[PDB]
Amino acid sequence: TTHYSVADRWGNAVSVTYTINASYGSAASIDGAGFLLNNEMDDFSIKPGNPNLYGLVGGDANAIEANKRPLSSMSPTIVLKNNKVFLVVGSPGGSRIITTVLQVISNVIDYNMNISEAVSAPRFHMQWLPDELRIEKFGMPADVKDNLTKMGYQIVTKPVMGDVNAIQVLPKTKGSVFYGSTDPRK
């Protein structure tokens, strides 16, 4: 999965997340056409309670049916302020997409970080099942982990999450200023 953000001088903003699911999708290509086939079917619940490539489970809501589109976690998003473009954000990462995007937004609005800081900031993740608090290397100091562990969280350090490409637009006296950021994770 990969995400891109675009914003122009006219006020238009486009947030796009697209994919073939896993890296190189199904790994199978269409002979003569030169493109890789997706393996998006795995985003369907192929069996109740069965966790997919990202540990996500499902029942009937996401079962397989002809012409049905499989459930996705992609969260292309646009945040507005006074009906004007403020943030254009999105990211890849299977189940972690929702939490990654959410943290970047919170970082800007809650902690007043600029888009670069918001994106660079360490990220954590909780997806109910497994019952763990996923964190990144160097992302959480001992004091914090100790207090969270005392609360009942099972902390686990795993590969960095996401690859956010975001834009922040701020109103200028005469026009607008565009601030962007690519993810130092990939």
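Position 1 is the first residue in the sequence shown; the rest follow in order.
Asker: May I ask you to compare 176 to 184 and 2 to 10 by their mean CA B factor in the entry and name the higher one?
Answerer: Per the PDB record, 176 to 184.
Asker: Output the stretch having the higher mean C-alpha B factor in the entry; the candidates are 44 to 52 and 23 to 31.
Answerer: Taking the mean C-alpha B-factor of 44 to 52 and of 23 to 31, the larger value falls to 44 to 52.
Asker: I'd like to know which of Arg69, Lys137, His125, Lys150 has the highest C-alpha temperature factor in the PDB entry.
Answerer: The record points to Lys150.
Asker: Between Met161, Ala121, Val144, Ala63, which one tops the list for Cα B-factor in this entry?
Answerer: It is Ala63.
Asker: What third of its chain's C-alpha B-factors does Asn82 belong to: lowest, middle or highest?
Answerer: Top third by C-alpha B-factor.
Asker: Can you tell me which third, lowest, middle or highest, the CA B-factor of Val16 falls into for its chain?
Answerer: For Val16, the deposited C-alpha B-factor lands in the lowest third.
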